[PDB]
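Naming follows writing order (A, B, C, D, E and F), and every chain is counted from residue 1.
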Amino acid sequence: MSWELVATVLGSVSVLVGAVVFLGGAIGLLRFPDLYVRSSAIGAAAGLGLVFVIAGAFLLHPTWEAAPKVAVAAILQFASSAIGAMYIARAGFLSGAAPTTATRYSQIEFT
Amino acid sequence: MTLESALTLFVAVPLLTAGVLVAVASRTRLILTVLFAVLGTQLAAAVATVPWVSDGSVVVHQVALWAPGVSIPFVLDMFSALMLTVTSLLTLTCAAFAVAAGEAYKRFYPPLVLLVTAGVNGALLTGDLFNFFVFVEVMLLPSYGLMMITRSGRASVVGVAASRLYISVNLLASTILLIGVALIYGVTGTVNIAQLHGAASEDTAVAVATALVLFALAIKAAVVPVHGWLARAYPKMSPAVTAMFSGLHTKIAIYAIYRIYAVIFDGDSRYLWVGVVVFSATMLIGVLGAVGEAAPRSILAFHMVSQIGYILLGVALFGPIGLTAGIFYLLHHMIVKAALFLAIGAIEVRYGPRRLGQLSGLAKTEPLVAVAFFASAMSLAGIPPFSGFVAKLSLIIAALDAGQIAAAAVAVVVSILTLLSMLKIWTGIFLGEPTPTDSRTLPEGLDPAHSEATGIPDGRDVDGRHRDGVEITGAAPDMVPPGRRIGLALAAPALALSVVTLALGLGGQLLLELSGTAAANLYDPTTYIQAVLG
Amino acid sequence: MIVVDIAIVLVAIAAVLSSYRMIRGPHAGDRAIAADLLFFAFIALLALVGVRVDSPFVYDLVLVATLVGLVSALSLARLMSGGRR
Amino acid sequence: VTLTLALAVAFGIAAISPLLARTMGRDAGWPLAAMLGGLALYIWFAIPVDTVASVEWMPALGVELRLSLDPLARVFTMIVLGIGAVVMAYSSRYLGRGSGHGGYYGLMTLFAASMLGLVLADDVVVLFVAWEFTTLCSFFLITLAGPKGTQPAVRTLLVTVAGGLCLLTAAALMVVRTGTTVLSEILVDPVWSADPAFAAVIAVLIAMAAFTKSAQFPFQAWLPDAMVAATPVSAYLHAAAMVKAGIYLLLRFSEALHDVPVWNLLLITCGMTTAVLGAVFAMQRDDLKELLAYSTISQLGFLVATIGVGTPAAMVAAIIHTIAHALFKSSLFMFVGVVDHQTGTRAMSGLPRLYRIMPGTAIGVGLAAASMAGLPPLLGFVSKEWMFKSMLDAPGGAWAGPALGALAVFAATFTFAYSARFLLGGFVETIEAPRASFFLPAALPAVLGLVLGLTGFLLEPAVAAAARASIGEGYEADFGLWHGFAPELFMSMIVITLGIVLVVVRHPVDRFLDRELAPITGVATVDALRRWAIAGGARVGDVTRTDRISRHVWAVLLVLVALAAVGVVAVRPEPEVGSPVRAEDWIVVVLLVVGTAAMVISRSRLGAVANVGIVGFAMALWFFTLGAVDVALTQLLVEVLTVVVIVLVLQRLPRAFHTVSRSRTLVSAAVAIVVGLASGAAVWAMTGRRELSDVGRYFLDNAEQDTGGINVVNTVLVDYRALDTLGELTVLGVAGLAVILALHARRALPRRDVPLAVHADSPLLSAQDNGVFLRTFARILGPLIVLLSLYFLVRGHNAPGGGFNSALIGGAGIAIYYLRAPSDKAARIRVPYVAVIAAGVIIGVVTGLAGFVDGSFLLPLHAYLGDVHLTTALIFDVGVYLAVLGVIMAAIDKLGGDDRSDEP
Amino acid sequence: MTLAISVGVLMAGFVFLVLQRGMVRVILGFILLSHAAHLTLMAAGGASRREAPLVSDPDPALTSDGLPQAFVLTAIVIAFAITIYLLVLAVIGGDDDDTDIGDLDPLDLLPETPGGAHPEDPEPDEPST
Amino acid sequence: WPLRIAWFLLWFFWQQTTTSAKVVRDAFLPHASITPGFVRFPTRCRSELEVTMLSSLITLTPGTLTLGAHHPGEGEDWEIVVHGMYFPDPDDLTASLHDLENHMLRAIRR
């Protein structure tokens, strides 16, 4: 009803969703054969889960001086979780990360 | 300004001029003028601040003028003043030696010496514990840069392994000191040394933290259980850098042990037996390692360990006489060891680092450095015509007075081994017929011909007719017959500090009175605590 | 704030699992992707803890840790490539 | 003060002797002989028999330069300065016709000055000073004659200091016991009669101090080899320069320590053993340089034995024999020198007995060796019969008295034997007789011996007055060769008889007792001790021989474990205040434990740096949980800037850590567990036991009122304890300069050549075309990082992060700029960073030094401009910002890549 | 007691790493030791008050003490400088960062011509005779 | 229009929690149900910004990842290397990537 209880429950469900996403991206780091599957899962998990946790935390005590420092932080988290995983996968390919035996097609030679 | 606000100028003038000598670092003449001007004005300020506290007074300046106990007190109590003047004299003479040797023209040598001097002045004048740690790091960081400055502008694998060992066992000692300060602040309320006037004889919880602090300072001072790091790091350094360090770092640790055990522990006299035991074991093991060695500058490191055991024995004999003996021994020994690393260092500059026996007859071809070495050697062994005799005699008197017969017996027997090792040096370097030796003054690894490095930029290189501080002939090996290689500019800094140790032997009452007035600030710190806290 | 404690325990369990992957990582690149996921989980823990111990000065850190969990991740890539770009 | 004036003149003689030696080549021995002897004629005449002059030297130690001229000194100064003068008169003609002889005279006259200071010593400390003065001058005199005597000089210095420093211990003991440093007040102290356990120790110490200055039983192996020096310095050192120093010390201290049994025994038995074993070895030796040394040894042994007798009748004999010996041994040495310099060799193939060229220098040796043996019409005979009369009443009962005489009779038999061998026998034109000004200074002591043996009535006043001043009582002395048949003479007709019988049977005797002797003598016992000392020192130094960190840290951790074992039973903790453990605390503890374990079990350098970053993040979360926001910020930034540097230095090193053998990880882990438990207990039992520090309550109470800022941490860092911040910014700048110096002194390892297993024509290569992701994200991360570094720099006084977080968040931007570059050439930071460090340190120290305007050093000078509290803390923050930024620039530009592009 | 468990674990990690082989494996131990020192410094300020001292009027007995926070804030920078210098030391000596070296003094003296400057007069004190 | 941004961010968070549920489902797929494959994809982006944001959007998608970018042409045509899970036929992967590229270029452009 009130304009603060909605924010409270929204932040609560948001931090729960973000924690669940972090747990899913961590379980991905266990039951995934490749480095590239791992990075493809992490690039999404570490970004979405962390943005969710940040926004939910902000909703659980919505100060007015921290809104820009969260609006910038969310975009930076997304871009960084994308680019870090991209470069980790690329450097793993260069360093010689063997792709899993269950790779149906690869248009990039490994040597 | 109140003439006590100017007490901080011992740390502000170097830190400024150093920061200046980093900006204009290519003008070697200007920076070598400014460095010696600052070192001379610092020596003058210290020798003029000695008459200020000769009446047992204690000058305390609350930095930034906050409440007593809130800010960092800068104290000056005829112990800090004596340490200031003697260490500044040592720094001045070692810089005057480095200018002639070949250092002080490399990049950032004048700034680093001034930063080390600022750190030493801070660690001496400070009155609280954590800022003492900060100033110890301010003293140690430029020391690590000076360990790479060499006469040839290069560095070897040995000279970098010694630096690794030095920084490793010093970062560990610094962090142990930090943990001790943290535990003192945890059990007590403050890190100020004054507000800990007696917080070591009231509860053992603070006594264990203060023992941790004293153990870190003992690591920094190279007492007998932790001493190999100093015997294996000082030999592998430039002859001027080791001479400059011989009187600063370990001696700042000695001053810290004195101040801490005199103020915090209040000279509790219950834990003096451990001091006696450890420091007598130091006096013994250091001189044993010395007589066992075979290198000239590696003997003096173990001798420095043994003399550190000698000095710290003055605090294990706490009282009016033991503290006086220990302070006089500190002020004499840092001067002598400076004059000893400058005489042996002046040989390693012209004749290269060799073992004992590879040279001979240097007492005939180079009488200046031979005199400067033998005077300091007899003073180190405690021979009457010099200062060390007064120090050892007062120390033996204080040891027999306190009833410590074993410590006195060790401190009087170790002089025989000290004399044996100094005579081994004198016989293997100076006595003999002058034989022709090869012109090779740089071991393979430090010379600018077998190293892929670019070398530290020399200051006297813009002339064009200089490779790395060597007079290349220009453009438009065979054994050298015995001669005089060490000019006056190289044997003069080792000789100046070799007549100080004789002026202090003949006229020693002047320094004995100041040592007594400095001890009166340790066995009775009421006038110091009453000055820092009001 | 029971939801925040639940989220903290879940993020801690995720961090522990990803650090297990860090330890038993076959290829050196797995020990870097686990480091990335753990840096992001540590930012999440910073936020959730700042919620628990109610603090206004949290997101400064959150604004900085993202500029830190990235530079300390790209560099790891720069180390897997042997320094070569 | 006239006695101190006499001593000062004796030292000024040594000060002026090099000038005379350079002016007069060798004739400089003529003025000194008439200047060092005339001084004697002054000290004897124009100074009363007992004057005490004392000038202040060191009132702190209670030491004063206090000279006394008691009759014992009145005899010993004479016997020193007269022999010194006659030796100068002899050396003026002995030395070659050279120009540079200052090194010889400046020492041989400083020897006389040091001896004068020793015998004229009423303070025990100045006595020790003159003792070591003589020992140093003697060391330097033996170091002459080239390298022939560099080892004998070292052994002489070592042996005479090992004893000359026992005298230091005796002096310090007598000073701390009797409370005063005066020889005239210590010997008459009632301590020598109260407790004999102290007088015994002092007697042993002083006997050892005088057995080394002389050459007695254990320490006799430095006189026979110190003969390598010139024969005039041997004459002085043997007549009275150093071997009489120990005897004067035994005579002076005999006033107190004469009734203590250990003194009597240690003196008598040692002196008699060395007398017998010096006379015998002089009988066996061949070179007259060794024979004279082993004869001086035996004479000093006789003297110390008759001193250890310790009765008034014994000190008279000791003094008269000291005089007789200082005469005849000096003349014997000078005559050996003259007979060597007038022929050319003392022994090259032997030499016909000196009575071949009889006129001039043969009757001199006949008058010297005769008194050395004790022939009746000489001074040696009356002195020897006085010694025998003294020894007959030695202590130890009624049996060990006459046994001492029957031992002295053996020693005197052997001494007559070797003196007769001296006068005649092989010691394996020349009509140019010794010059009248060369043989005369060598015949003055030999003739003085005769004229003092015959006219013996001239010595009883001085000798008896010098004996009642060496010990308490006095003895009516007479030296007259009276023919009253007493056992003092029956053991002198036996000496001559058995000695004649011995010298007429010399060959079978010497071929008999030589094979069955075994090496009691010989210098290979002091060299053995020096070798043992050197070996033990090498075995002690071999403990810390290896200069590797893993060992010298073990010495630190062992003492840490010892201190922990002490503190475990030492510390009793106070009750806790509140509870320092929260719910959201075990999660960060678990994350930190997991990160630390993954770091310590990581076998690859990349896993280790990843775990370092993780531990840094966990420590930042720790600092933020404890309520430290600024510290958490700085920890995050320092973690990222150390991960960057570890990557920059790991791209040059191999991929896996070095494999360390088992049974070395086990011991390391076993000591790590112990030190970890110790540190954990320390932090658990010492932290949460007090309410709040008074300085902490002050900072939280008077932060906004004193400085206008609410960020207590930043105000403490920049306003209250600004010296710590100045120190740490100088530390960082210095670390930057030191990185520059290190990478200028040694070439850093090149980036390790990783074999990229991908072919050229494939994507995921061509960094210029493949770094497009970072080269674009940096277009929005550059301005963001710059405005963030400027955001923290101004808000630092009322919000987390003042200047260090501001600077490290710009260092992160510099790391981004490095990672962004296409290749190694563009990655080099193209700004002057050494000048930036200089400017940062300058700005910091200046804005701290501007406080003197109102206050003192490092005090803010806040000035209000409308509604902004503008303060110089902002300028100090700009300074530290520049410093840290320059340090990061240097660390990234020097370590990043290789790019050797700066030199012709 | 958590601030004690973490300090103990960090100190154990330091003592282990600093005793291993390799200079980087020692710099990591020194990093852990600096972390332990910073943590025990933060523990000395009570650690029972978890509120930041950044409010307008800080409430004593409820906010964390500021002096140990400044202490760790300075020690962090100091240890960071020393760690930077140790890391740049790790990549200059030798061709690796290996630390197991023995007596290294022979490599800093001159070639030491045998016998000495006087091979005819060996010192009787040296046990090598 | 003061509450436009709130509606926008809430719609964004719904379109992101659907992606998050997709991620969580992707973490629990059985083995042999992931069929990773690499694909060279011509990007049809001119400037650097378009191609890097396309690659980031491909990575943030829970089923793909962009390894790197390069263009073997004169100065244009950007190519990317995309790795895809549960895409058993490369044509399916390229069709999904073409859909994403169209949906993005129709947004960030004139």
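What we mean here is this: contacts are C-beta pairs under 8 Å (C-beta built on N, C-alpha and C of every residue); 3 or more make two chains touch, one makes a residue touch a chain.
A.B. asks: In this assembly, which chains make contact with subunit C and also with subunit F?
C.D. replies: Per touch definition, common to subunit C and subunit F: A, D.
A.B. asks: Counting C-beta pairs in contact, which chain pair has more, C-E or A-F?
C.D. replies: It is A-F, judged by the count of C-beta pairs in contact.
A.B. asks: Distance between subunit A and subunit E based on Cα centroids, please, to the nearest Å.
C.D. replies: 36
A.B. asks: Can you give the whole-Å distance between the Cα centres of subunit B and subunit F?
C.D. replies: So the centre of subunit B lies 66 Å away from the centre of subunit F.
A.B. asks: Cα centroid separation between subunit A and subunit B, in whole Å?
C.D. replies: 57
A.B. asks: Please set out, as single numbers or ranges, the residues of subunit F touching at least two other chains.
C.D. replies: 40, 55-56, 67-68, 81
A.B. asks: Specify, in ascending order, the residues of subunit D that touch 2 or more different other chains.
C.D. replies: If we look for residues of subunit D contacting two or more partner chains, we find 147, 151, 530, 534-535, 538, 545-549, 553, 582, 588, 625, 627, 629, 650, 652, 679, 682-683, 686-687, 690, 693, 695-696, 699, 721, 724, 727-728, 731, 734-735, 738, 742, 745-747, 754, 756, 763-765, 770, 773-774, 777, 784, 799-800.
A.B. asks: Could you say which residues in subunit E touch two or more other chains, in rising order?
C.D. replies: 18, 26, 36, 40, 43-45, 50-52, 54, 67, 74, 78, 81-82, 85, 89, 92-93, 99, 101, 104-105, 118, 121, 123, 125
A.B. asks: So which chains actually touch one another? I want all the pairs, not just one.
C.D. replies: According to the stated criterion, the contacting chain pairs are A-C, A-D, A-F, B-D, B-E, C-D, C-E, D-E, D-F.
A.B. asks: Looking at the complex, which residues from subunit F come into contact with subunit A?
C.D. replies: So the residues of subunit F in touch with subunit A come to 13, 16-17, 19-20, 23-24, 26-28, 31-32, 34-40, 55-57, 59-68, 81, 83-85, 88, 90.
A.B. asks: Going by the contact rule set out above, which residues of subunit D touch subunit E in the complex?
C.D. replies: 147, 151, 527, 530-531, 534-535, 538, 545-550, 553-554, 557, 576-582, 585-586, 588-589, 592-593, 596-597, 599-600, 605, 608, 612, 615-616, 619, 622-623, 625-631, 634-635, 638, 641-642, 645-646, 649-650, 652-654, 657-660, 665, 668-669, 671-673, 675-684, 686-688, 690-693, 695-697, 699-701, 703-704, 710-713, 716-717, 721, 724-725, 727-729, 731-732, 734-735, 738-739, 742-743, 745-749, 798-800, 804, 884, 887, 891, 894-895
A.B. asks: Taking the complex as given, what residues does subunit A use to touch subunit C?
C.D. replies: Residue positions touching the partner: 12, 15-16, 18-20, 22-23, 25-27, 29-30, 35, 38-39, 42, 45-47, 49-50, 53-54, 56-58, 60-61, 63, 65-66, 69-70, 72-73, 76-77, 80-81, 83-85, 87-92, 94-98.
A.B. asks: Give the list of subunit C residues in touch with subunit E in this complex.
C.D. replies: So the residues of subunit C touching subunit E come out as 53, 55-57.
A.B. asks: Hey, which residues of subunit A end up touching subunit D in the complex?
C.D. replies: Residues 72, 76, 79, 83, 86-87, 90, 93-96, 108-111 of subunit A touch subunit D in their complex.
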